[PDB]
Amino acid sequence: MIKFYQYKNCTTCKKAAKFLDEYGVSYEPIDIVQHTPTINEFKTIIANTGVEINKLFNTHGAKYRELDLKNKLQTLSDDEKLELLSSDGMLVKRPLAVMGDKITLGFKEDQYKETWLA
């Protein structure tokens, strides 16, 4: 089934878990920081799904600007990006659902129908 990464009382996690449940689609509710993928696990799922490694970072408004990672990410290797995501599961997108070569980030009904459904 789908490896549905989440963490804590988040509306996005409730939206995704409800929508998967809504279509009878099976998932695995595991935490993103408590059960953070290693550097290996990340480069595997990204070589499989072909997902953008940069969208896996927690986007605007959050720690991305606090730590100011953007300035180092524009010069380092995509390997070192994987390592940062492995160093913190909160640095990863807390709403993630990966399943072999299929994946959805955040709440989009669009991504859910495009990837999981039909």
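- In terms of determination method, the entry is listed under solution NMR.

### A word on the side chain of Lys93
Part 1: Looking at the element boundaries, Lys93 is found in the loop between helix 5 (78-87) and strand 3 (96-99).
Part 2: Filtering out sequence-adjacent residues up to four positions away, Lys93 remains in contact with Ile32, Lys55, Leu56, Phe57, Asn58, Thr59, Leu105 and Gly106.

### Describing the sheet that holds strand 2 (residues 27-31)
Part 1: Strand order in the open sheet formed by four strands is 2-1-3-4, with mixed pairing between adjacent strands. Each edge of the open sheet is held by one strand with a lone partner, namely strand 2 and strand 4 (102-105). Pairs of neighbouring strands in the sheet enclose a mean axial angle of 20°, with direction left out of account.
Part 2: Alignment of strand 1 (residues 2-6) against strand 3, held across three bridges, turns out to be antiparallel. Looking at strand 3, one finds that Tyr5 is bridged to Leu96.
Part 3: Seen against the sheet, helix 1 (residues 11-22) touches strand 1 and strand 2 and runs at an angle of roughly 155° to strand 1.

### A look at the pairing of strand 4
Part 1: Pairing of strand 3 with strand 4, which is carried by four bridges, proceeds in the antiparallel orientation. Of the residues in strand 4, the one forming a bridge with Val98 is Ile103.
Part 2: Hairpin connection, strand 3 to strand 4: the antiparallel pair is bridged by two residues, and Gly100 has positive phi, about 65°.

### Topic: the nonpolar core
Part 1: Among the nonpolar cores identified, the biggest contains 24 residues, and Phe42, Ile46, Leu56, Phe57, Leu73, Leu85 and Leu96 are the most heavily contacted of them.
Part 2: For this core, the secondary-structure elements that each account for two or more residues are helix 2 (39-49), helix 5, strand 3 and strand 4.
Part 3: In contact with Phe57, other than residues within four places in its own chain, are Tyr64, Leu69, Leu73, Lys81, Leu84, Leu85, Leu91 and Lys93.
Part 4: By size, the runner-up hydrophobic cluster in this structure holds 12 residues, among which are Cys10, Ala17, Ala97 and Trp116.

### Quick notes on the environment of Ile103
Part 1: With respect to the helices and strands, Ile103 occurs in strand 4.
Part 2: Under the relative-accessibility criterion, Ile103 is labelled buried at 11%.
Part 3: Separated by 101 residues in the primary sequence, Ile103 and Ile2 place their C-alpha atoms 8.6 Å from one another.
Part 4: Apart from residues lying up to four places away in sequence, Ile103 is in contact with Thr49, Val51, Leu96, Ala97, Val98, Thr115 and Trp116.

### Side note on the packing of aromatic side chains
Part 1: What the rule picks out here adds up to five aromatic pairs.
Part 2: With 5.7 Å between their ring centres and 90° between their planes, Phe4 and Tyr27 make a pair best called edge-to-face. Highlighted residues: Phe4 in strand 1 and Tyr27 in strand 2, separated in sequence by 23 residues.
Part 3: Residue classification places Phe4 among the buried positions, given a relative accessible area of 1%.
Part 4: A centroid spacing of 6.0 Å and a plane angle of 45° characterise the contact between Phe107 and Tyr112, whose relative ring orientation is tilted.
Part 5: A relative accessible area of 3% places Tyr112 in the buried class.

The rules we used
Residues numbered from 1 in each chain as written, not as in the entry; some residues may be left out. Heavy atoms only, no water. Helix = DSSP H or I, 4+ residues; strand = E, 2+ residues; numbered from the N terminus. Contact = heavy atoms within 4.5 Å. Pairing = 2+ DSSP bridges. Axes fitted to C-alpha atoms, helices over the stretch in contact; angles between N-to-C directions. Core = buried A, V, L, I, M, F, W, Y, C linked by side-chain atoms within 4.5 Å. Buried < 20%, exposed > 50% of the residue type's maximum accessible area, 1.4 Å probe, protein only. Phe/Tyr/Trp six-rings, centres within 6.5 Å; stacked < 30°, edge-to-face > 60°.

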